[PDB]
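Written below as structure tokens is the structure these notes are about.
What follows is calculated from the coordinates using simple rules that are stated; it is not laboratory data. All Cβ positions, even for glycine, are placed from backbone atoms using ideal geometry, and neighbour counts span all protein chains on display.
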Amino acid sequence: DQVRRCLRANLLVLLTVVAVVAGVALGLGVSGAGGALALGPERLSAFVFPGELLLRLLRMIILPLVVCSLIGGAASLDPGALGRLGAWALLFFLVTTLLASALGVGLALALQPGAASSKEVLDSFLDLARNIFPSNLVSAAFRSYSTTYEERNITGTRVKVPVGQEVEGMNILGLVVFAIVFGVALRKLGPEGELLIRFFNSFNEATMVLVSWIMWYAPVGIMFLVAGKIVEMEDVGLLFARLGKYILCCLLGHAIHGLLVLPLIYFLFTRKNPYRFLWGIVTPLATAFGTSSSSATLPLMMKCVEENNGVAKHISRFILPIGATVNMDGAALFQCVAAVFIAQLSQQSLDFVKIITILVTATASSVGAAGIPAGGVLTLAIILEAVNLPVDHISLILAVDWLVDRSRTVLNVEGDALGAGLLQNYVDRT
Amino acid sequence: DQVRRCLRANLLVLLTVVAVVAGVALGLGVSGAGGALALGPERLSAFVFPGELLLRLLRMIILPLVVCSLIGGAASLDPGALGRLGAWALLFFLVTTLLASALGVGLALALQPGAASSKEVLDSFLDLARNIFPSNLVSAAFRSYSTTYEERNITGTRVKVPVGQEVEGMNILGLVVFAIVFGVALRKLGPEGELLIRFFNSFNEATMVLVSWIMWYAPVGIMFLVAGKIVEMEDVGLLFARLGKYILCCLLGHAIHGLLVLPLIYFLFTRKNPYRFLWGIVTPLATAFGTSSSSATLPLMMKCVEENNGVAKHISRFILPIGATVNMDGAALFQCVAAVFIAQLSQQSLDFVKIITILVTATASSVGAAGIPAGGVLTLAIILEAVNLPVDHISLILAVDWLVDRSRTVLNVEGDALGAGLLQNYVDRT
Amino acid sequence: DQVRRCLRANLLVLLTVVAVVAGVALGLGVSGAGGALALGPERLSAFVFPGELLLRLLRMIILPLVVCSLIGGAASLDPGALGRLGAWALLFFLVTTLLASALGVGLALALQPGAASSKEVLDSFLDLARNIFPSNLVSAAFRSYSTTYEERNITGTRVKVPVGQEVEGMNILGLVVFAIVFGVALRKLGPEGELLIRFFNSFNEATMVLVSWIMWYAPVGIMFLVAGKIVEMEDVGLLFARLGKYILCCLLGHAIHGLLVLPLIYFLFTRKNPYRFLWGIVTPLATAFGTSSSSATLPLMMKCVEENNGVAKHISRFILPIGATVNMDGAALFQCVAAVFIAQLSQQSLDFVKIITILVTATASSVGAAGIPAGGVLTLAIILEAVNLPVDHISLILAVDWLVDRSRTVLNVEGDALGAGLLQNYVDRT
């Protein structure tokens, strides 16, 4: 038949959807009883197991991935050899990614989906800053910093005085700064650093096969993961509603971002109608919402932005190819919204500095996740394990990533499309 | 004289035998008193010391050795470029190594030598499986996983519920799987992995000199080690008997393996007389029991297996050279028997999953220990420290490795000799 | 003006002196009140902070620096290809560095500056020796060994019996031996080690830019460091006196070393007047006390030692260039005196084995600190963190390193100058 073509080509996505349709079914069948058929937590602790094995594979693969990939991505950057006219594009990409992430965490905090049913002082900024630059780069790979208070009982009966120590679970946040500074150092070293860069970049592809094989294992892990998850909550008529509120929340966040904020930076700078520009460029968005692929939509988008509202004719070949892989605004929006939704689902007591380190770490990792096909879930697990949040809920987000991803794709092309529709004045207005 | 020739050539073995003949003597002289001449444990804790220093050198050298050597030994394997006719030879080598190790642990458990004078449930398989794929590859280098039980006191007064944490002492077992998957990944990456393979293989010879120098230090360490060991037991008329029972046990295990099990796989597949084949190939076994060297006996063995019972004339040049360094059945037999003998000598309470991880880890490390001349003791220390067993008793095994090694050599050539006498039917019977 | 020339060229030293002149001033202004304006320890724990951030950067940079630099400095050494006539120069350099360090710790212990206002037995040598060769090279990067005593209560009521465990804070001392043996192993491996040496040496320059940038950050860190330090002591009329006693102590140690000990090894071997030799070579010392630079003073010194007291005419081109970067006697003197002064200032209870590991570790690191311009403070922080001493007091030593460094420079040229004035007899007297 023709079934062999559509089987082997798109196999892993069919495997994970046929795994998750049973994972909801098996968890439904054992959730018909109240979490205990014959062994309540005992057989459950082994019934939940291969999803936990999948997370065990994911943590040991997200250590070397982030350190070697950010070394290879911070040695590659050459701001001197990229043009000041191109540098303002990077500035715009960074500020709109920060803006998208900020508004997304703001709206997800405002609606607070999922929540429907350690006293640390303001001086956690010192703990976060000490966690940025760690004590040594081996204890930084498995344990981060944390200050607990004791009582010296001086000047009265009690005094809340902080002692400082290192608690378990790594700091990716404190490691990405060292790897980025290492890549910048390898650039500034120059020709002696060629061997180290050819080492570390080759180390990255020596782990892309590893995450490829973990992706091959991923269906049975995600099936057992979501099965143990829905037998844990014991509320299907509410978890459906929590997931739907989260989905609607992040899609309307995508909508209000792409419909007001990029229009805000348009009209605040160009003072021309953004709606006429978008009405000019409807059809590559009509294929981005068709295919959901930022790679294949790029030639039609580059051809369209030159015809309607004629751009500077070279940045369409310069900033628009490179902007598709660096300004993924909707993906950063999705990751910052979804991680706050898990914390509001598990009641993890968000400090404001936890909001800052879920902002900036997921912001800098927006430029990644492009070589990895399912990098949106991988980077989400990265920023979950950077704040010691439960990665256990990632199956539910990966259960419904398609329905929101169809809308997430168009933000990532709308951003750099409007950036192409913005910097044409900087040779005119200057 | 002629003494300078036989001194410098074979020097280290003369050094360790003249060290161990004094180590039994000094421990005898201080064991004439009951473990306390003038300071019982106090001066003893410094009298025992340089053997513990030798073990301190051995652990810090067996970390990088196993990770870099298994990377260099899992990048080298090419099953696609080795032939399906050659692949069944690898299958046979693996199954006879597993069979030899299984029967050896079975018989050493059955006789239980040395023993003459933490309640963990069946769910340790999850602990072992989580210990296979670790959380991160830096905490995997010094500490493994272990689940302890506490009491939530829910549904009654007490409930044995497992919490999970990471206890000290590394998991080589959890590290060899990552290094092997890394080498396979470097193969599947191809030409970008050339720099990483030339890194990691060069790292191996950057530690073979290290174990050469630790071997140079080894005589005084093993002398003080066995001296502190025999003053610890305070029973020489029994420890002699325990060692003799162990020696007789492993040599008869070698005997029953090479006399029935390889005949079993012969007669079950060929249905021809194995004794006539062995009577044909007596004389290379007569030199293997002469010289005790698998390298030098290989040309005579390859010439002999073609004359008597004429083999397929090319696999003798293909599977018989490579089988001498990969199918070391008797060495794996020795390591799995000797490690169980130490645990039965120290009462280390063997779980069945400890039997599984002393089976399979020592099975996969049978292919090693060939470039290292005294690799039989090194791999034994590896599989002892992979299960947190006391490495302290390794002097007694290295005291008598010669007497059993004379018989251990002939198993390693008898195995692939009978494998050459087996796969000739697969072009005839097919 | 001409101010732009003297600004950009010597900028960092002007930055750190204008930072330290305010750091004494701000700490003076807040020390006018008794350590508490409105928040005693609470705002102080954040007021002290960026100096602690500077130390946080320094520890994570002194791990990879010492391991890669000593690999690159132990692979470079070739005693076979350096001449036995040149090897006695290395022997003399090592013994005069050990002698200078020994006399410096002796005199600094004898005067005991700064002190004006854990019972471990003699068996710490076993703890130090186990700390030399660690258990594994990942736990050796963040935690060292330490034996605590408990009571088995056997043979009486109590018995002080040592248990052994690993306590936090790395052992550089146990790591430098592994890196040095690794570099020697890479030499003895030869042409397969070329890739590893070109890796590790390139890794060194990939951290010299890192310590360059930490040096750029260093002024505000040292200002806040000394400001929090002088508000801690609350005694300026004594800390001035403690610092002056320390300065006078180390400068007179330099004086008595260069005026008696190198004359002692002169007259004990040559039996000629050392004062006539020094009166011959006054003027390169007059420029070394002028410029304070061992690099630029070397041609004038090499020309001067040949004219007055005519040396062997080739070792002046052989041992005198290489001796300027390996025999830094005064720097090792300074580091061993200053570290004992901190321990006598903080009452850190010096064991004799702590004197041994502050002797030998700082002795072997005298050959370093030459490529780093402010390597005298960096190596001081290294040998402070090798013995878990407080690095917190390093601002006061770096506050006054100039006043003693002016005298420290002449020892480093006086040593190898007198060594050139010594080995000329070994072709004459032989």
Practice item. Please state which one of A:287, A:283 is part of a helix (DSSP H, G or I), hydroxyl-bearing (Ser, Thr, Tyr) and under 30 Å from residue A:396 (Cβ atoms). Key: A:287
Point to revise | Selection status of residue C:4, charged (D, E, K, R) and within 30 Å of residue C:177 (Cα to Cα) | key: no
Exercise for review: Read through the list (1) under 29 Å from residue B:247 (Cα atoms); (2) part of a helix (DSSP H, G or I), then give the number of the only condition that residue B:114 fails.
Suggested key: (2)
Check your understanding: Do you know which residues across the range B:126-139 are facing another protein chain (nearest Cβ under 7 Å) and not basic (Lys, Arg)?
Key -> B:126, B:129, B:133, B:134, B:135, B:136, B:137, B:138, B:139
Check your understanding: If you go through the range A:86-140, how many residues are under 22 Å from residue C:168 (Cβ atoms) and of a type in the set (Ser, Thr, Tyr)?
Key -> 2
Exercise for review: Select from the range A:143-173 the residues that are in a strand (DSSP E or B) and charged (D, E, K, R) and list them in ascending order.
Suggested key: A:143, A:150, A:151, A:160, A:166, A:168
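Yes/no per residue for (1) more than 8 Å from every other protein chain (Cβ to nearest Cβ); (2) hydrophobic (A, V, I, L, M, F, W, C); (3) part of a helix (DSSP H, G or I):
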position: A:188; (1), (2), (3): no, no, yes
position: A:204; (1), (2), (3): yes, no, yes
position: A:215; (1), (2), (3): yes, yes, yes
position: A:225; (1), (2), (3): yes, yes, yes
Point to revise | Of all residues in the range C:58-112 being within 24 Å of residue C:269 (Cα to Cα) and among the β-branched types (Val, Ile, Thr), the one that is farthest from the other protein chains (Cβ to nearest Cβ) | key: C:96
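Report, by residue number, each residue of the range C:6-57 that is within 14 Å of chain A (Cβ to nearest Cβ) and β-branched (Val, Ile, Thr).
Just the residues of the range C:6-57 that are within 14 Å of chain A (Cβ to nearest Cβ), to begin with: C:34-36, C:38-57.
If the condition is that a residue be within 14 Å of chain A (Cβ to nearest Cβ) and β-branched (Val, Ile, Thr), then C:48 is the only one that fits.
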**Study point:** Identity of the residue in the range A:100-130, under 16 Å from the mean Cα position of the chain (by Cα) and surrounded by 18 or more Cβ atoms within 10 Å (Cβ to Cβ), that ends up farthest from residue A:162 (Cα to Cα)
**Key:** A:100
Check your understanding: Quick one: would you say residue C:134 is buried (at least 17 other Cβ atoms within 10 Å of the Cβ) and assigned to a loop (DSSP other than H, G, I, E, B)?
Key -> yes
Revision key, fill the gap. Going through the range B:140-173 in order, the residues found to be exposed (fewer than 12 other Cβ atoms within 10 Å of the Cβ) and within 14 Å of chain C (Cβ to nearest Cβ) are B:167
Point to revise | Test for residue C:135: is it within 30 Å of residue A:158 (Cβ to Cβ) and of a type in the set (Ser, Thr, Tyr) | key: no
Practice item. Give me the pairs, please: first residue somewhere in the range A:180-196 and more than 22 Å from residue A:133 (Cβ to Cβ), second residue anywhere and buried (at least 18 other Cβ atoms within 10 Å of the Cβ) and of a type in the set (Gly, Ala, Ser), beta-carbon distance under 6 Å, and either six or more positions apart or on two chains. Key: A:192/C:202; A:195/C:202
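Condition check: within 30 Å of residue C:268 (Cα to Cα) and part of a loop (DSSP other than H, G, I, E, B). Does residue C:404 satisfy that?
Here the answer is no, as residue C:404 does not meet what is asked.
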Review point. Would you say residue B:227 is more than 28 Å from residue B:354 (Cα to Cα), surrounded by 18 or more Cβ atoms within 10 Å (Cβ to Cβ) and of a type outside the set (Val, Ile, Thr)?
Key: yes
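In this structure, does residue B:176 turn out to be under 22 Å from residue C:193 (Cα atoms), part of a helix (DSSP H, G or I) and more than 10 Å from chain A (Cβ to nearest Cβ)?
On the way: under 22 Å from residue C:193 (Cα atoms): no; part of a helix (DSSP H, G or I): yes; more than 10 Å from chain A (Cβ to nearest Cβ): yes.
Considered against the rule, which asks whether it is under 22 Å from residue C:193 (Cα atoms), part of a helix (DSSP H, G or I) and more than 10 Å from chain A (Cβ to nearest Cβ), residue B:176 comes out as no.
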Point to revise | Which listed residue is under 18 Å from residue A:296 (Cα atoms) and among the β-branched types (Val, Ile, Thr), from A:358, A:342, A:322, A:315 | key: A:322
